[PDB]
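Only one chain is given next, in structure tokens, and it is the form deposited in one PDB entry.
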């Protein structure tokens, strides 16, 4: 039986209580041969009629309209509580059990597919997780808080980033999920305008079946007779519907809450709602009471409100009708040996009703994060070098790891927020940091390497940490506020990195802020915090990322300029030029200024008191000092500037291009 475009649209559209862009659906039906419809679930085991039958009804509607239906089985979350693949294998069995019930329940599987998050995520780690982070990177945390159900949220701002990603991961054309999941699907449509993909996913949201008792807008997990379950006997079915709330009132559609979920009112009739969803929503079904048959749902609704049909009869009718729908399942799990076993295995898990901390490191291990900056201050770089040398000496059998945060920083929206730009920045500034004297003992590892190296475990701990900490708690690390949701993730990742690298100490710079203190907090004061030593090379303007502070990517021409504009009045014993000299003096052990004889003559200083004497009250002219310092900076940066014009010249093109994009906006 061939269906024209109009008939296909009617059938498909009839799945949704709402359809975000009927025009977009219509256009999809006209243009596209295999439309991806998508839905998803975590296996629970106790399957209720809305999930058992109603889903089957709607899926069958999509596949008849010429769609393909991909179910996203969210089993990856079993890796959370896992002890040697234990919980995962159970959840996959529950998973297979649900599928078998659907088969028996009458879902046409010819164009239906089941994907398992555990298989598909881990197999496509990069593609998957980078998007998850990108959706977070480009979204205010307020916008993502809206997607979850005062502030008790605790990294439940992560699951929506994942759920949203799934839609694009699977290339879903239609998001055929419940109306309760409306808000995430919206966020999908929004994210579509961010990633340039031209066609937004059509949100075809199905009806939330009502609870059987009064004051229930939805099925309840506390109340096992709030809805019919698939394992319920025909005696159970009779009992539950007989006691069910049943107002004699003509049912009208509820107002569309932007918060997807339904609301419980007194004139909401679940006996009638069932007839509409599990009976009349089937292709050519109709109810029969006392000889007469009602072709429309409306016909039955009238006959009930006119009192042509009794509440006794109406329920008796549903009871037989619902039992008719379950019997094929009941029969199948009796006859079929393999199916019966599936159920018996699922049943056995029910007798448990009503994670360990990672091992410390044997020997010291320091960790440090390269700042995700276009231009890194020399003051900060020298602080990092000293803290490394100070750690390696103080713990000579220990190790130091510098982590280039090429995943974290893109999540945080540092620099331009582009992978290539942040990779280049981290790669360039790292090479230069080594050119200024970073020890060779330091292990340089990227997050890309660390995360992919042991990917499954990594994200488990990111979430595991996420579950144990409140959202507001993580926002305290950024001073009470985050710029986007990605900053929340970046925080979690750093602790996750610390733990996987098995680190004893976390080195923080002034740029890292309180973010690294999280690792200390989470490990119960086990990981010690070492702070960097800064405030030695100051800004070159007079007292009162600009262009009066020395960066570690300054070339020979840049250094000459910045020194030239440095503030220094004559007969002065405290100014930027003095502070830099005393630092160079201290590091070196002497500061030799060269002069014409009778211009003062040549002189050295090996103490700060001696130098300040000749400046404030003496013959050390400002100009003489600055000519001495400028040479010393050029000499100490000879190795680094050689890299700028040679090895890093390729990447320096990418950074100056990034810099101009930032100045534009």
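Superpose the two forms; the largest set of C-alphas matching within 1.5 Å is the rigid core. Positions refer to the first chain, counted from 1.
| field | Size class of the missing deposited segment between residue 354 and residue 355 | value | Missing residues, residue 354 to residue 355: 4 to 9.
Chain break class for residue 544 to residue 545, judged by how many deposited residues have no coordinates = Count of unmodelled residues in between: 4 to 9.
- Message: Mean Cα B factor from the PDB record: higher for 460 to 468, or higher for 591 to 599?
- Response: Stretch with the greater average CA B-factor: 591 to 599.
Give the stretch, out of 269 to 277 and 552 to 560, with the larger mean C-alpha temperature factor in the deposited entry. Comparing 269 to 277 with 552 to 560, the higher mean C-alpha B-factor belongs to 552 to 560.
Out of 28, 64, 49, 632, which residue has the highest Cα temperature factor in the PDB record?
-> Top of the list by C-alpha B-factor: 632.
Which one of 636, 32, 55, 36 shows the top CA temperature factor in the record?
Of the options given, 636 has the highest CA B-factor in the PDB entry.
Checklist entry - Looking at the C-alpha B-factor of residue 159, is it in the lowest, middle or highest third of its chain? => result Within its chain, residue 159 is a lowest-third residue by C-alpha B-factor, going by the deposited values.
Is residue 416 in the lowest, middle or highest third of its chain when residues are ranked by C-alpha B-factor? Middle third - that is where residue 416 ends up once the chain's C-alpha B-factors are sorted.
Check your understanding: Going by what the PDB entry lists, where does residue 617 fall on CA B-factor within its chain: lowest, middle or highest third?
Key -> For residue 617, the deposited C-alpha B-factor lands in the highest third.
Chain thirds of CA B-factor: placement of residue 625: As the PDB entry reports it, the C-alpha B-factor of residue 625 lands in the highest third of its chain.
By the recorded C-alpha temperature factor, relative to the other modelled residues in its chain, which third is residue 440 in? Residue 440: CA B-factor falls in the middle third of its chain.
Here the subject shifts to the form deposited in another entry, a form of this protein not shown in this document.
Once the rigid core is lined up, just say which one of 133, 186, 79, 438 has a C-alpha that travels 2 Å or more between this form and the one not shown.
Single residue meeting the criterion: 79.
Item checked: Rigid-core frame, C-alpha of residue 88, shift of 2 angstroms or more between this form and the one not shown -> Yes: residue 88 shifts by at least 2 Å between this form and the one not shown.
Knowing the Cα distance between residue 41 and residue 78 changes 3 Å or more in that other deposited form, does it shrink or grow relative to here?
Nearer in that other deposited form, by 3 Å or more.
Next item on the list: Say whether the C-alpha atoms of residue 79 and residue 403 sit closer together or farther apart in that other deposited form than in the form shown here, given that their separation changes by 3 Å or more.
Entry: Compared with this form, residue 79 and residue 403 lie farther apart in that other deposited form.
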